[PDB]
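J.: Right, I'll just put the structure down here and ask away after.
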Amino acid sequence: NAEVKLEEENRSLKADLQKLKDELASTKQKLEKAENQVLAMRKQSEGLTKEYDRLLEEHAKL
Amino acid sequence: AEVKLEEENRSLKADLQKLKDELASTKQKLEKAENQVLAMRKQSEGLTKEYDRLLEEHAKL
């Protein structure tokens with residue numbers, strides 16, 4: 001029984017391992033998406049700031 | 001044959017712990033990232049509002 005019990009437990013733990021791996025994969029993709037969004041918004045912030053600057057430049061030339 | 005199964009059992013438990021922790025970390029980082037996204041959206045809105053006000057001021061000639 002020692003060995004059959006160990007088999008039961010091993011299969012169970014392997015299943016748990018797979019479940020956790022799935023969770024980690026999902027969460028990882030979510031994190032990747034959020035990070036990439038952050039970068040995107042850095043670029044966009046830079047651009048928008050540049051346009052705000054264009055306001056001042058153009059006005060300085062009237 | 002038993003010692004092998006014991007070995008594997010412990011190995012699997014260790015892997016479990018590692019994954020619990022890695023998942024916890026990843027969730028923390030996801031939370032941080034989403035707060036960053038939110039904050040930056042708000043900064044952007046503030047900036048477009050600033051833009052509107054400034055342009056409206058310039059258009060007053």
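Identifiers in this document derive from the order of the structure tokens: chains are assigned A, B, ..., residues are numbered from 1 separately in each chain, and ligands are numbered from 1 in order of occurrence.
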For residue 30 in chain A, find every residue with an atom within 10 Å (counting only C-alpha atoms), except residues of its own chain fewer than 6 positions away, and show them as a ChimeraX atom specification.

T.: /A:24 /B:26-27,30,33-34

J.: Store the residues picked out above, limited to N, CA and C atoms, as a compact mmCIF listing (two decimals), in the first residue's frame.

T.:
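Okay, this is what ended up in out-v8.txt:
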```txt
# COMPACT_ATOMS: atom_id res chain seq x y z
N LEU A 24 -0.51 30.17 -13.87
CA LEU A 24 0.68 30.98 -14.09
C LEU A 24 0.78 31.46 -15.54
N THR B 26 3.89 37.07 -9.76
CA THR B 26 3.30 37.50 -11.03
C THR B 26 2.00 38.28 -10.83
N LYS B 27 1.18 37.84 -9.87
CA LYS B 27 -0.05 38.56 -9.56
C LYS B 27 0.22 39.95 -8.99
N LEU B 30 1.24 42.11 -11.91
CA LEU B 30 0.05 42.42 -12.70
C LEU B 30 -0.74 43.56 -12.06
N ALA B 33 1.16 46.79 -12.61
CA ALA B 33 1.04 47.19 -14.01
C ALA B 33 -0.31 47.85 -14.30
N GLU B 34 -1.38 47.26 -13.77
CA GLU B 34 -2.71 47.83 -13.99
C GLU B 34 -2.90 49.18 -13.30
```

J.: Distance limit 8 Å, atoms considered: only C-alpha atoms. Which chain B residues sit that close to chain A? Return them as a PyMOL selection string.

T.: chain B and resi 1-2+5-6+8-9+12-13+15-16+19-20+22-23+26-27+29-30+33-34+36-37+40-41+44+47-48+51+54-55+58

J.: Those selected residues, please, written with N, CA, C and O atoms and delivered as a tab-separated table (two decimals), in the first residue's frame.

T.:
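The result, stored in part.tsv:
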```tsv
chain	number	residue	atom	x	y	z
B	1	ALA	N	11.93	0.75	-5.41
B	1	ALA	CA	10.75	1.27	-6.10
B	1	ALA	C	9.97	2.24	-5.22
B	1	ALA	O	9.32	3.16	-5.72
B	2	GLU	N	10.04	2.04	-3.91
B	2	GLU	CA	9.39	2.95	-2.97
B	2	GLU	C	10.17	4.24	-2.81
B	2	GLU	O	9.59	5.33	-2.83
B	5	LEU	N	9.56	6.64	-5.56
B	5	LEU	CA	8.27	7.30	-5.40
B	5	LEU	C	8.30	8.39	-4.33
B	5	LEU	O	7.70	9.45	-4.51
B	6	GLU	N	8.99	8.13	-3.22
B	6	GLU	CA	9.20	9.13	-2.17
B	6	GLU	C	9.92	10.35	-2.75
B	6	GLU	O	9.48	11.50	-2.58
B	8	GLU	N	10.23	11.35	-5.83
B	8	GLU	CA	9.37	12.08	-6.76
B	8	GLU	C	8.30	12.88	-6.03
B	8	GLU	O	8.00	14.00	-6.44
B	9	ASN	N	7.74	12.32	-4.97
B	9	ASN	CA	6.73	13.01	-4.17
B	9	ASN	C	7.29	14.33	-3.65
B	9	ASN	O	6.69	15.40	-3.83
B	12	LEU	N	7.91	16.88	-6.42
B	12	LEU	CA	6.64	17.46	-6.83
B	12	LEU	C	6.16	18.52	-5.85
B	12	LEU	O	5.68	19.58	-6.25
B	13	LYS	N	6.28	18.23	-4.55
B	13	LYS	CA	5.91	19.21	-3.53
B	13	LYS	C	6.75	20.49	-3.66
B	13	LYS	O	6.23	21.61	-3.58
B	15	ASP	N	8.25	21.62	-6.39
B	15	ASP	CA	7.75	22.30	-7.59
B	15	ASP	C	6.48	23.09	-7.28
B	15	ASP	O	6.33	24.24	-7.72
B	16	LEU	N	5.57	22.46	-6.53
B	16	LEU	CA	4.34	23.12	-6.11
B	16	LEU	C	4.63	24.43	-5.40
B	16	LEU	O	4.08	25.47	-5.77
B	19	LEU	N	5.91	27.14	-7.69
B	19	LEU	CA	4.87	27.69	-8.55
B	19	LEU	C	3.88	28.58	-7.80
B	19	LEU	O	3.39	29.57	-8.35
B	20	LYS	N	3.58	28.22	-6.55
B	20	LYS	CA	2.76	29.06	-5.69
B	20	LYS	C	3.40	30.43	-5.58
B	20	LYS	O	2.75	31.47	-5.78
B	22	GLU	N	5.90	31.83	-7.49
B	22	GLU	CA	6.04	32.49	-8.78
B	22	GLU	C	4.71	33.12	-9.21
B	22	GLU	O	4.68	34.24	-9.74
B	23	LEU	N	3.62	32.40	-8.96
B	23	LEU	CA	2.28	32.90	-9.26
B	23	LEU	C	1.94	34.12	-8.41
B	23	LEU	O	1.38	35.09	-8.92
B	26	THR	N	3.89	37.07	-9.76
B	26	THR	CA	3.30	37.50	-11.03
B	26	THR	C	2.00	38.28	-10.83
B	26	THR	O	1.75	39.27	-11.52
B	27	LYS	N	1.18	37.84	-9.87
B	27	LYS	CA	-0.05	38.56	-9.56
B	27	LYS	C	0.22	39.95	-8.99
B	27	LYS	O	-0.45	40.93	-9.35
B	29	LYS	N	2.87	41.79	-9.63
B	29	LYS	CA	3.33	42.59	-10.76
B	29	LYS	C	2.20	43.00	-11.70
B	29	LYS	O	2.20	44.12	-12.22
B	30	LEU	N	1.24	42.11	-11.91
B	30	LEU	CA	0.05	42.42	-12.70
B	30	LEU	C	-0.74	43.56	-12.06
B	30	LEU	O	-1.18	44.50	-12.75
B	33	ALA	N	1.16	46.79	-12.61
B	33	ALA	CA	1.04	47.19	-14.01
B	33	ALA	C	-0.31	47.85	-14.30
B	33	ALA	O	-0.38	48.87	-14.98
B	34	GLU	N	-1.38	47.26	-13.77
B	34	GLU	CA	-2.71	47.83	-13.99
B	34	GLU	C	-2.90	49.18	-13.30
B	34	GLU	O	-3.55	50.09	-13.86
B	36	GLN	N	-0.44	51.25	-12.94
B	36	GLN	CA	0.31	52.10	-13.86
B	36	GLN	C	-0.54	52.54	-15.06
B	36	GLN	O	-0.58	53.72	-15.39
B	37	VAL	N	-1.22	51.58	-15.68
B	37	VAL	CA	-2.11	51.87	-16.81
B	37	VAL	C	-3.17	52.90	-16.44
B	37	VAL	O	-3.36	53.90	-17.14
B	40	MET	N	-1.64	56.41	-15.76
B	40	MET	CA	-1.22	57.03	-17.02
B	40	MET	C	-2.40	57.50	-17.87
B	40	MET	O	-2.31	58.54	-18.53
B	41	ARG	N	-3.49	56.74	-17.85
B	41	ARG	CA	-4.71	57.19	-18.51
B	41	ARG	C	-5.13	58.52	-17.92
B	41	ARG	O	-5.47	59.47	-18.65
B	44	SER	N	-2.92	61.37	-18.97
B	44	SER	CA	-3.26	61.71	-20.34
B	44	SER	C	-4.50	62.60	-20.41
B	44	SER	O	-4.50	63.60	-21.13
B	47	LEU	N	-3.75	65.99	-19.38
B	47	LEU	CA	-2.97	66.66	-20.42
B	47	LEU	C	-3.82	67.15	-21.59
B	47	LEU	O	-3.58	68.23	-22.13
B	48	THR	N	-4.81	66.36	-22.01
B	48	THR	CA	-5.71	66.78	-23.08
B	48	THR	C	-6.59	67.94	-22.62
B	48	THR	O	-6.95	68.81	-23.41
B	51	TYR	N	-4.44	70.90	-22.82
B	51	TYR	CA	-4.36	71.22	-24.24
B	51	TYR	C	-5.55	72.06	-24.66
B	51	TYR	O	-5.40	73.13	-25.26
B	54	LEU	N	-5.43	75.62	-23.13
B	54	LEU	CA	-4.41	76.46	-23.75
B	54	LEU	C	-4.81	76.91	-25.16
B	54	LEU	O	-4.69	78.09	-25.50
B	55	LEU	N	-5.30	75.97	-25.96
B	55	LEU	CA	-5.74	76.30	-27.31
B	55	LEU	C	-6.89	77.29	-27.28
B	55	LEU	O	-6.92	78.23	-28.07
B	58	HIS	N	-5.45	80.62	-26.77
B	58	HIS	CA	-4.79	81.14	-27.96
B	58	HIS	C	-5.79	81.63	-29.01
B	58	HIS	O	-5.54	82.61	-29.71
```
